[PDB]
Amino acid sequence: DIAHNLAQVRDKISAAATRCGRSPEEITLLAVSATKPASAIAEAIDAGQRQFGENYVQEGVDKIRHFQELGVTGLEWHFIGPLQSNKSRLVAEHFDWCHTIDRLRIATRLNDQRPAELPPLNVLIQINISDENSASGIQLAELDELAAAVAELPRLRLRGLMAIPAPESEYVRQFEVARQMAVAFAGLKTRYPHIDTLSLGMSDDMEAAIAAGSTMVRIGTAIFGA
């Protein structure tokens, strides 16, 4: 049951924030609906969920248009997959968030292709904090430069950071990797304006990411099936 799983996840988020002294309201739940059918999002929507994440551009845009045409308003769509330049326009025209900015060129394309009547596309810069097997995300030593360049793009808005740590089963390592991300997030927050989003944590490392200071968890399996 999707509705039951939504309520179960929100309780686990709420408990995890409370245990480490944070308000549950600090944590945004991003329902990762990738590869799930639109009918499943429809249940989530009917269960009160508004923020959905997609990894593939055309699947996402098709869903976005599906619910726009039903006249469902109030939804927030996050693109959280890797973004190739030949699909940037669909993202720039349809999505509300993009978590996967790791090169200045993809950000400038999104900026140029974003219609002016839309709000600025909220973007996060993706850090490869701990994955040698991923060709996605930058190193922390490159963050200040990319952030400063992306910060001037007027049709974008730099909101913070995202990372997908290498899979890790040890809670100790989960927390320490997430802390590195929280530390970098806090440093960015000092100088840049409106830095409020640390996209960090999935089903299995939710608690350490919340304890470390994530503001947004990306949950798929625990809501929709694997």
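One-based numbering along the sequence shown.
Comparing 98-106 with 133-141, the stretch with the higher mean C-alpha B-factor in the PDB entry is 133-141. Per the PDB record, of the two stretches 67-75 and 152-160, 67-75 carries the greater mean B-factor over its C-alpha atoms.
Within the group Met181, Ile27, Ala31, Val61, the record's highest C-alpha temperature factor is found at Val61. Among the modelled residues of the chain, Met202 sits in the highest third by CA temperature factor in this PDB entry. Among all modelled residues in its chain, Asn128 ranks in the middle third by Cα B-factor.
In this PDB entry, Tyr56 carries a Cα temperature factor that places it within the lowest third of its chain's modelled residues. In the PDB entry, a CA B factor belonging to the lowest third of its chain's modelled residues is recorded for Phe185. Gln49: CA B factor lies in the lowest third for its chain, per the PDB record.
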